[PDB]
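The form deposited without its partner chain is given below as one chain in structure tokens.
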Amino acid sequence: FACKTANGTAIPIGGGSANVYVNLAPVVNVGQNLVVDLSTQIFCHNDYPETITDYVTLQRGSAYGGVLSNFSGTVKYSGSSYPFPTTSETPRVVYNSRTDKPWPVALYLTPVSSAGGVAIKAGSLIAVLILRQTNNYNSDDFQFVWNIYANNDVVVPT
């Protein structure tokens, strides 16, 4: 079991960390959503499904810099939403195949009314999300730590 970003950053078997750079809508209005759909950028696969079945949770998610201070919101993980920053490990997702399969985590962030100026600086860390992979076969428990960075800039217009 390993994972890769869209543009080819790779976290190997056993876990590790990676940076993932994402494009954001340039304007979000107070009352509207800024979506971060990592399921278009983070992909995983079972490396021997013949015998093994891999289980994947979002162990933990945390907000940094801009999103940490001008935004509230949730994280949708497999059809269901949860508070973000996270308060609890999410349910398991089953990684079936040797075929690359999206990590289906997306953030929905709304700006607080005091969000004025540039809410998120470009090139800043906005989120860290810890992918935790166990299985049905041995005692393996590995964290795949993704550091989410912003490409462009987002402003919230007064």
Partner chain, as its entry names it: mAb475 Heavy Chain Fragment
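Residue numbers count along the first chain shown, from 1.
Of the two segments examined, 125 to 133 and 30 to 38, it is 30 to 38 that shows the higher average Cα temperature factor in the deposited entry. If you average the C-alpha B-factors over 58 to 66 and over 108 to 116, the higher value belongs to 108 to 116. In this PDB entry, the Cα temperature factor of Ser81 sits in the top third of its chain's modelled residues, the highest group.
In the deposited entry, the Cα temperature factor of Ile148 sits in the bottom third of values across the chain's modelled residues. Ranked against the other modelled residues of its chain, the C-alpha B-factor of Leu24 as given in the entry falls in the highest third. Compared with the other modelled residues of the chain, the Cα B-factor recorded for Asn46 ranks in the lowest third.
What follows is about the form solved in complex with its partner chain, which we do not show.
For the chain shown alone, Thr51 is a contact residue for its partner chain in the bound PDB entry, at least one non-hydrogen atom being within 4.5 angstroms. Put simply, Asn136 is close to its partner chain in the bound PDB entry: some heavy atom of it is within 4.5 Å. When its partner chain is considered in the bound PDB entry, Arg98 lies well away from it, no heavy atom lying within 4.5 Å.
Shown here without its partner chain, the chain has only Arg92 in 70 to 105 lying with a heavy atom within 4.5 Å of that partner in the bound PDB entry.
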